[PDB]
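One chain is shown next in structure tokens, namely the form deposited in one PDB entry.
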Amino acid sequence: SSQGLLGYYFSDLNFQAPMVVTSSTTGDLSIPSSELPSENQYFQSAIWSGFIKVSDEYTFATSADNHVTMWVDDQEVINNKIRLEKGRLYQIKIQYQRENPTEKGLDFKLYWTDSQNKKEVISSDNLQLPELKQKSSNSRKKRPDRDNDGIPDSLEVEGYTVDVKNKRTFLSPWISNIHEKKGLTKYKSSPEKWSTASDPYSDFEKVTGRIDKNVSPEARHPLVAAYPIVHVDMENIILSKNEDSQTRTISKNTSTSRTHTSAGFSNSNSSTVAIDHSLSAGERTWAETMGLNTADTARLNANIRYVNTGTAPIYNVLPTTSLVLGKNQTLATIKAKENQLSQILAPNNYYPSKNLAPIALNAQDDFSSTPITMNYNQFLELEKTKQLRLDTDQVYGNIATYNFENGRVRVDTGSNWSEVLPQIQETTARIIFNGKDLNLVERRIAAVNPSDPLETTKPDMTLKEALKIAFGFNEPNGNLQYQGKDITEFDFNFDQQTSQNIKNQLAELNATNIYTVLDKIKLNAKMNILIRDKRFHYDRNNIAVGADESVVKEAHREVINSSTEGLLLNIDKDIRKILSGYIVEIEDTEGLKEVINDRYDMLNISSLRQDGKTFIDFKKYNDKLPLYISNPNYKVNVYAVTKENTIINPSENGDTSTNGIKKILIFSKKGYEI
């Protein structure tokens, strides 16, 4: 389907100005005008290249032997019978030249005649593409295409588009008046890098779809890197005292976020786990709870999934992960089995898939899962920090590559992510953007390195363009936007060397404001850019943990219903992500306040309804009773507590109340107003 001979069709007589590059499944190398430029639909020369497999005497003929020169394995057979053997592969090259064709397009067929005198256009089952790889195979050797990706040098430099016909793809020069209107993508790439983003798929494989279909759509652009990015998401945890007495475990939900520690030049995969601090009867310590004494040890189970937030799949090794307490006390090393993955882990996906159960760190009947053990002091430290860190390495295994011999994609034992990642990291600018549900998503984009001559052969990459191709920013009416939000609703942060670089650029441009000149800010290799929703406050991991009083209040303004049982509100998915809970209080006529859920571990009274609305439940820690308001003039005040003001342990002096918690008023109404 993606197999056959490769054709270059030129408007000039000497193979200088290619107009179309395309493959044909069979000896029919025609392109009718209906598939086409206009005054440039007159091709005066052409070149086809590929291999032929068969066992007989064969004579070659074309529909135009007078203009044709054809080579089989480097012997001229057209400018005459020749012997070919079954199960062997012969290179083919065909050149054609005609000086003022009066028809547009090309009618051209390649035939052969066997010994039984059967002449026919060569079958698709006999034709294969050239070996457009950085290396020859034992079978198919390779050889105006300096890097051998298949795209002519001049197209890569000057700009090209691919049109998806039904049968196959035409690659042609970009032209303003035809293609900008029709809204086509304008590609440039290096003519000397087989993969301009230094990744394992070629610029030509990308744009013609001869590529692993699990590769992210944006990474089908030759200027956007395709590579996995993997972290571990822990969903819940259960702690146990290490060894017929009763169950004495602590089970808690957990929230995990991939992190980034500034912008910074580290390529590590890490996630930070927050263990829920809310109520799980009594207010015992953890050791009291499990009956741990000072010489006991505890252990930990959890449910996890792997998360691929990059742009290429992983097939046959999940990366290895350290579970770390505090700054550097490794509690465990988590490995899955090499070459025994139950599924691939695709971009923007989980392993296991969400429709299947998660992985238990100590799985049911797995006899050799290592206990994740803590000594007593480590246990107390976990109680107090309620935090773990998962450090995941970048060992991702073998790559699924396109095979030009059979037009198939398969895991190639000879190709490995560890051979590609370093050069990807070396030749691209990195942007981390959180505009999608506030999680940190990293992309890398081909960008010039002025100090490295090869990298100066790549097209200029602007900040604006980068954001459009790597993250799907668009500009529907003069303004760059991500899914409806203007770019000005996000901040820019850079590492120190990038910051200096960008400051020099703006001064050169006499620009005072970065947002009005994104189209003129150039990106270089090794830059690091962090772009974050401005509504939010972020911690040192760049996770969203707060927001302005004004933003929080505004987001709660629209109230659907209120009563003595609770509140029913529409709250933005994003705001909800920065809140740990609510505090409900009745304020009497003299100003004194009765706090109803007055404990740091009893703030979890919001819940997401199946209809998307939020219910704030007054009954839950009021002993299942609606609020009792002894006087209609009393007020019911409700407060939001952001995660960065959340208290996660009793206070120093032992107080477990909400006293002193920094909280944001978001609802206040008298008894008679409810």
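One-based numbering along the sequence shown. Rigid core here is just the name for the largest C-alpha set that superposes within 1.5 Å across the two forms.
The same protein has a further form, the form deposited in another entry, not shown here; the description that follows concerns it.
S.K.: For the core superposition between this form and the one not shown, please identify the residue among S49, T26, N645, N622 whose CA shift reaches 2 Å or more.
M.R.: Flagged residue: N622.
S.K.: Once the core is aligned, does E455 move its Cα by at least 2 Å between this form and the one not shown?
M.R.: Yes, because once the rigid core is superposed, the C-alpha of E455 moves 2 Å or more between this form and the one not shown.
S.K.: Answer yes if the CA of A287 moves 2 Å or more between this form and the one not shown after aligning the rigid core, and no otherwise.
M.R.: Yes, its C-alpha moves 2 Å or more.
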